[PDB]
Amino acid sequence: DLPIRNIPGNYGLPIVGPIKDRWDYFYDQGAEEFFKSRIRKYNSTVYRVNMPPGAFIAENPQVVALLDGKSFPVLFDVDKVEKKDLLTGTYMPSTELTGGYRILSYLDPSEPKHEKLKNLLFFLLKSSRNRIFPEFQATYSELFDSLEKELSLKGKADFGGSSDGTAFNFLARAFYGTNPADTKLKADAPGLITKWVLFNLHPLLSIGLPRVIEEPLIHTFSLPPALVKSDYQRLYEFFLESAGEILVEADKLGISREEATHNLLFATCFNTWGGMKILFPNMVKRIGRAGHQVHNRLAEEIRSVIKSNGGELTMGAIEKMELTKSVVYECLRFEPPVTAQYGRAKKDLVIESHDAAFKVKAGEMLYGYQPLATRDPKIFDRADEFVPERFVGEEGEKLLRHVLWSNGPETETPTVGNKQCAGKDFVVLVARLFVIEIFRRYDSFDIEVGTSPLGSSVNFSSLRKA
């Protein structure tokens, strides 16, 4: 059996310990090296550490970090961890930001409204099933038209600053059969959502600014929700007026119209649009870096399969695209869009890692940095390499149980009883559609890459048309 080890690490002195750890995390090391340096120092993938934000935003920055793929899955086990009010970690954004409601993502499965609200989103997704393909193809075709246009003018095309409007338009049309251009939102949604997301997540982000500016402005106190209230109201009235069909189902599930609307706003703007804002530019970055031979292989597969399908792109056609499916899973393994999962121990636990077991007490906050679980070299070969074909074939597919992007194994299903992403299948689908749209149009591409507060900044510098 595994030896019991004391959990290494410490929290330093009051006040100054957490501050120095925050400086390492944001400025002097960055998240990955913050965690890896401590793995090396402590010779352990489980250890005590302070997490941001602390200061006057979080009451208690103290966590036990789980940084390997054996220990991490404890965070999925709803019998071992409580998942209440910890979506964003050791603080929770004011409910003033969300209409006075505790939204679904913050609810533990023991709360009755968790089941109701998750069932509502499952309905939203199922009801959209026949709109996803045509609306994705229409909106993303327009995006690539715009990018070609920009490349011709500037010699480079900024992906993110057009793709955010594309994603919102796509979601409004797919989920609600509504074109935002036909509404009072016009083209304003990305700006409105970005500001509101910043008010929620600023304690966890760096914008770029020097620490002497950022620390007092975004890392010490919460930004006042009052300042984003009017912007949120514009979004709210869009959802109230556009979500008629879904609100009928909310009524049947026994959810108030107002509670339903705030929840649809959050699922659409925060979970979906926000998640896509991180994922899509990251996919362009990693696929871009994979090189032109990989691009050509994807183009050849995708185009051949669609030709075999009489030119009609369907769910069944996608199942034939082995490399495409594998590349999407490899993006999600290599660079999980949301890196931080938390859970509070409900009872005394014994957590097993690769070489030791550790005991934690009821009430301890557990934290996982997902990239260290999904790039764990004790689980994956070539763990730090992006390998496009990793998940191709029977043996490769077995490894999907260790892909964790959805807050559960990729082989498992989200349910009302767990806290796995309600949109799991939707995300994988639209990520596949995104790769398909690129390579049906282009043989290959080149990119330029920079940092962004969320995800990556990506420019196309060449788009080689078919």
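Counting begins at 1, following the sequence as shown.
Of the two segments examined, 81 to 89 and 212 to 220, it is 212 to 220 that shows the higher average Cα temperature factor in the deposited entry. Taking the mean C-alpha B-factor of each stretch as recorded, 243 to 251 and 203 to 211 are not equal, and the higher mean is that of 203 to 211. Of the candidates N119, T261, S162, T268, the one whose C-alpha carries the top B factor in the deposited record is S162. Annotation for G30: C-alpha temperature factor in the middle third relative to the rest of the modelled chain, per the entry. When all modelled residues of the chain are sorted by CA temperature factor, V197 is found within the middle third. Remark: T411 belongs to the middle third of its chain, ranked by C-alpha B-factor as recorded. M321 sits in the middle third of its chain by CA B factor, as recorded in the PDB entry.
Among all modelled residues in its chain, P61 ranks in the middle third by Cα B-factor.
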